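Trainee: Okay, here's the structure, questions in a sec.
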Ligand SMILES: CC(=O)N[C@H]1[C@H]([C@H](O)[C@H](O)CO)OC(C(=O)O)=C[C@@H]1O
């Protein structure tokens, strides 16, 4: 939890009571565990929705959906049960409550089970399952000079009639919402990303939506891959971005421009960025994933536990900020090494809040945190992005010519640097350095082991540059200070840790020729360069094809396959001005300035503009 931030235990395990209704009688009952937080703002009223697991935190036990609400931004709350289970058995339950806010209404989607003690995806059929929608109506009043609010919950309605018996290539079994908070699309549709099973017990995600305020429901034709559960979605630039949990694998993210009719993996932005554990080989988690506007910039906030402990412990709840280009690690929301899996982040009246789980010995509470420090950090970072984007866009390029493009600009290494790091102007991913001397807008390297390393898969659990495996443009200005003994590296994308296995790179040789390297293709030296002269270098990769440009012109060999149509590359890092490896035999004596990383292949005009504007883009004077 960041400095300045604070929290309270709002839903207190084995302490907090809820009004338990049974057989026409209501009694204040102590709840064992509270899980699956959903925190929203309804017309000024804060509402926290969750599971009230009365007797145990076991998934298949007695559960009602509880709600707490506040009209004073979380200082005091009123408590109620929003949805009660069927009361058919000692393990009847309404589960995975998923919330949509529209106007003054709360739409809550829950699975309902009567008596099964087995985990839902293990069920061979749907005999024990129903899917329900309850609507809560929020009213505000001022009886007494003070703001008050009340929420009237309606009876749940089964949506089972809207679940087709078959979907493309399968027979349906059950479905549930993805928990947390879903959305109202810009066209007014209620949209729930849902997790669905078929009769083969496979799980996948779908879009489940309503065009008539929840009276009838439809499924989008498309789907995620199998294995994608607990989806959470938001709308961004006209598309739904569906962010899925994949147990024991990296999280898959999809985009859909047609209400789920077609799904495309977001390989160029967010897919496979977030891992569920350091080695991405443990169970995943529910995630808060929202689009908000902070100081005029539309951005996305995403949470997920780091899970250093493994299994479902899911310690270290972390918060991420992204504009669909850069991906910033705001930091750890939870405290110390506590288990803290599920969460819900709310941005209301320029204040940031998070309702999240804490778990000790499988007894769960929900803490309500005021994320003061986090918002401060977020605002600073967004200012930096807006500022550098503004700076680059404002440059009068030589004939003013076309503007330098910032669309897809993810990283920028320029003037800022410490003894051992080259700092990302966008503040997301620094490069490590060796044998580097600071110069205006860059670094001058020399000696065996010299260079800088801008990590890709080397980022570890969370891989912000995963997009580079699909497409990228890497740009830099370079100057060679000594003729090498053989062939020496200048810039490239490495597939392994050494730099010996390259995806695409540029070297230079003793005969004053360039050596562009295209994957494992035999190298053909070409062109010519002279010592002390500055050159503009661009490496592009898209559709498995690599190109290398010098001074805005493509070199011989460009347009070559760098990826066997077989697999998808797993780039380790970009190397700059050397390999940064004392064990590699080369000595690169060169200066590199203004390294730009884009998440797409730049077009000819964009490359020319960068070439012509080399002397104008540095961060030095700012
Ligand atoms: C119906 C059910 O068992 N829901 C469980 C959910 C489920 O496994 C799936 O991943 C998304 O609902 O996951 C988790 C979990 O802590 O990992 C808690 C829920 O109790």
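What is reported rests on the model, the rules as stated and the sources as named; nothing here is a laboratory result. Please note: Cβ atoms are built from the backbone with ideal geometry, for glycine as well, and neighbour counts cover all protein chains shown.
Trainee: Report yes if residue 65 is assigned to a strand (DSSP E or B) and within 13 Å of the ligand (Cβ to nearest atom), otherwise no.
Mentor: Yes, satisfied.
Trainee: In addition: Answer yes if at least one residue in the range 581-598 is within 33 Å of the chain's Cα centre (by Cα), over 30 Å from residue 400 (Cα atoms) and assigned to a loop (DSSP other than H, G, I, E, B), and no otherwise.
Mentor: Scanning the range 581-598, I find at least one residue that is within 33 Å of the chain's Cα centre (by Cα), over 30 Å from residue 400 (Cα atoms) and assigned to a loop (DSSP other than H, G, I, E, B), so the answer is yes.
Trainee: For residue 158, only one of the following conditions fails: (1) surrounded by 14 or more Cβ atoms within 10 Å (Cβ to Cβ); (2) out of contact with any helix residue (DSSP H, G or I) (no Cβ under 9 Å at 6 or more places or on another chain). What is its number?
Mentor: That leaves (1) as the condition not met.
Trainee: Regarding residue 38, is this residue in a strand (DSSP E or B) and farther than 12 Å from residue 151 by Cα?
Mentor: For residue 38, the condition - in a strand (DSSP E or B) and farther than 12 Å from residue 151 by Cα - is met.
Trainee: Show the residue pairs meeting these rules: Cβ distance below 8 Å; 6+ apart or different chains; first residue within the range 35-48 and over 15 Å from residue 350 (Cα atoms); second residue within 16 Å of the ligand (Cβ to nearest atom) and outside any strand (DSSP E or B).
Mentor: As it stands, the answer is 35/57; 35/342; 36/179; 36/286; 36/342; 37/342; 38/179, since those pairs meet every condition given.
Trainee: Sticking with this one: Counting only residues that are buried (at least 24 other Cβ atoms within 10 Å of the Cβ), within 16 Å of the ligand (Cβ to nearest atom) and under 19 Å from the mean Cα position of the chain (by Cα), give me the strands (runs of 3 or more DSSP E) lying completely in the range 170-268 with at least 3 of them.
Mentor: Answer list for the range 170-268: 190-198, 228-236, 239-246.
Trainee: Moving to a separate point now. How many of the residues making up the range 172-223 are out of contact with any helix residue (DSSP H, G or I) (no Cβ under 9 Å at 6 or more places or on another chain) and either over 29 Å from residue 47 (Cβ atoms) or not assigned by CATH to the domain that holds residue 254 (or both)?
Mentor: 8
Trainee: Working only within the range 559-579, note down all residues that are surrounded by fewer than 18 Cβ atoms within 10 Å (Cβ to Cβ) and not in a strand (DSSP E or B).
Mentor: Residues satisfying the conditions are 559, 564, 565, 566, 567, 568, 570.
Trainee: Shifting gears a bit: How many of the residues in the range 305-327 are at positive phi and in contact with a strand residue (DSSP E or B) (Cβ under 6 Å, 6 or more places away or on another chain)?
Mentor: The total comes to 2.
Trainee: Hey, residue 367 hits all of (1) farther than 13 Å from residue 5 by Cβ; (2) in a strand (DSSP E or B) but one; which does it fall short on?
Mentor: (1)
Trainee: Being within 16 Å of the ligand (Cβ to nearest atom) and closer than 20 Å to residue 44 by Cα is the requirement here; does residue 110 meet it?
Mentor: Criteria not met by residue 110.
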